[PDB]
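The block underneath contains the structure these notes are about, expressed in structure tokens.
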Amino acid sequence: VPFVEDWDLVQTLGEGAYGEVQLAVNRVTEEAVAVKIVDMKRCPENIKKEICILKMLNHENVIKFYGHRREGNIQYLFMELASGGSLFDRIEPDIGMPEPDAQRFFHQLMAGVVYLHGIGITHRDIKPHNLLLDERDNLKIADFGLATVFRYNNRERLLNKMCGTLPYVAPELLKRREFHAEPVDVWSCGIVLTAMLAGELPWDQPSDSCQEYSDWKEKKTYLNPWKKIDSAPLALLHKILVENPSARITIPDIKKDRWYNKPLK
Ligand SMILES: COc1cc(C(=O)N2CCC(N3CCN(C)CC3)CC2)ccc1Nc1ncc2c(n1)N(C)c1ccccc1C(=O)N2C
């Protein structure tokens, strides 16, 4: 039975490259939090950056950082517990989920992304495994290990590093030497929305050599996953998944969309 200062580490909630996440229970107060354990030896620069960004975050749709402790080579990051687990586990394969549930989660995801963008942070790996749920099914954006600053002192910096998850990544990230941060997070949110409504990802990657990607650019929406999605949400996906990032819809314009504003069950 291991432990750190006043807390005991009681079960493994997830694993991952750098380490694992444990459910941590304060023996005394009985509060329960999640602890991300990282083996600094197994990079120490990387956690310096992650903790720094983590301390900036204060929003109801973003995971909260409570503090940390270095104990020799291991860093313990104390963070909010999302006891409903992941959005990934609410998606039925080949089905999706009810449209009203998808719309609610989409609203919550936009609120968290507008918050991050407004403090000049980009997440860079939005996908259902990184979107967690509290006990009342409120969404929380999680995993800031690839996050970075894109605006500082009111001045934007373009990105150049390749990163993320291929099926969710925007096409400019594969084709351009440097690109703007915000339209890349908007694109990944569009892939999430397709997942929630269809239970299927549309392509392996958004390249000219991928047939499924070519089929979309040729507007063949009688094919899957598109043919499973109602016309109203499909019209929003046509404005998000636009190849040219400067023609792609922005978040203030998403908030004006017809489906975004439709009252549902
Ligand atoms: C009790 O908290 C968690 C539980 C589980 C999990 O295995 N289940 C099993 C099914 C369970 N029920 C759902 C409701 N249903 C009616 C019954 C079944 C939901 C929870 C998964 C994750 C939980 N919480 C959690 N918090 C923060 C993380 C993190 N993980 N990890 C692992 C992360 C994973 C991805 C990205 C970021 C994190 C992370 O940084 N933290 C802090």
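Here chain A follows Swiss-Prot, giving residues 3-44, 48-270 in order.
How was it done? The header gives X-ray crystallography, 1.4 Å.
The backbone N, Cα and C atoms fix where each Cβ goes, and this holds for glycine too.
Copied from Swiss-Prot, the annotated features are:
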BINDING   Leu15, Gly16, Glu17, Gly18, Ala19, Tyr20, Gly21, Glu22, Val23, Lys38  ATP binding site
ACT_SITE  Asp130  active site, proton acceptor
CROSSLNK  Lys132  ubiquitin cross-link
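Residues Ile39, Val40 surround the recorded ATP site, their Cβ atoms falling within 8 Å of the Cβ centroid of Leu15, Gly16, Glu17, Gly18, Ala19, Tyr20, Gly21, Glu22, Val23, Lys38, which are themselves excluded. Each end of the 3-residue unmodelled stretch has a Cα atom, at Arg44 and at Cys48, and these lie 9 Å apart. Cα spacing between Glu17 (ATP binding site) and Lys132 (ubiquitin cross-link): 17 Å, rounded to the nearest whole number. In this structure the C-alpha atoms belonging to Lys132 (ubiquitin cross-link) and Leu15 (ATP binding site) are separated by 18 Å.
Taken in sequence order, the recorded positions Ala19, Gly21, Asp130, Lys132 that lie near ligand 1, meaning a CB under 6 Å from one of its atoms, form an empty set. The Cβ of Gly21 (ATP binding site) has 19 other Cβ atoms within 10 Å, all protein chains considered. The secondary structure of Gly21 (ATP binding site), as reduced to three states from DSSP, is extended strand. DSSP assigns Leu15 (ATP binding site) to a strand in the three-state reduction.
Neighbour counts were taken at the CB atom with a 10 A radius for the binding-site residues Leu15, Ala19, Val23; the maximum falls on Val23.
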